[PDB]
Amino acid sequence: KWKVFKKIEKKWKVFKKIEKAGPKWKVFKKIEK
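Reading guide: rules and limits
- Residues numbered from 1 in each chain as written, not as in the entry; some residues may be left out.
- Heavy atoms only, no water.
- Helix = DSSP H or I, 4+ residues; strand = E, 2+ residues; numbered from the N terminus.
- Expected span 1.5 Å × (residues − 1).
- Buried < 20%, exposed > 50% of the residue type's maximum accessible area, 1.4 Å probe, protein only.
- Patch = residues over 30% accessible without salt bridge, like charges linked within 9 Å, V, L, I, M, F, W, Y side chains within 5 Å.
- Areas by Shrake-Rupley, 256 points an atom, 1.4 Å probe, with all protein chains shown as cover.
- Salt bridge = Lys/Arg side-chain N within 4 Å of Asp/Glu carboxyl O.
- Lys, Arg positive; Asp, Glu negative; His and termini not counted.
- Charge placed at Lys NZ, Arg CZ, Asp CG, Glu CD.
- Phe/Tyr/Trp six-rings, centres within 6.5 Å; stacked < 30°, edge-to-face > 60°.

Draft legend 1. A look at helix α1 (residues 4-21). Counted at 1.5 Å a residue, the expected span for α1 with its 18 residues is 26 Å, and the 26 Å between its end C-alpha atoms agrees. Across the 18 residues of α1, zero count as buried, placing the element largely on the outside. Downstream of α1 by a residue or two, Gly-22 has a phi angle that is positive, lying close to 155°.

Draft legend 2. Spatial organisation of a positive patch on the surface. Taken together, the side chains of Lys-13, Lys-16, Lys-17 and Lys-20 present a region of like positive charge at the surface. Mapped onto the elements, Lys-20 comes out in helix α1. Note on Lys-20: relative accessible area 74%, which makes it exposed.

Draft legend 3. A look at the packing of aromatic side chains. Evaluation of the coordinates by the stated rule reveals two aromatic pairs. Ring geometry for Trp-2 against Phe-5: centres 4.5 Å apart, planes inclined by 5°, an arrangement best described as stacked. Given the relative accessible area of 69%, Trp-2 is considered exposed. For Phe-5, a relative accessible area of 36% corresponds to the partly exposed category. Their ring planes at 85° and their centres at 5.1 Å tell us that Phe-15 and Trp-25 sit as a pair that is edge-to-face. Here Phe-15, found in helix α1, pairs with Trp-25, found in helix α2 (residues 24-30); they are 10 residues apart in sequence, far enough to count as distant. Assessed through its relative accessible area of 34%, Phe-15 is described here as partly exposed. Here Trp-25 falls in the exposed class, since its relative accessible area comes to 62%.

See the structure below:
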């Protein structure tokens, strides 16, 4: 069901909202760089 991607779409645009409130989901990747 391609409709499931809609949840993935709002999962990204919504995840970027927390990045400004706490990008702790990307700080762990900073070590890889």
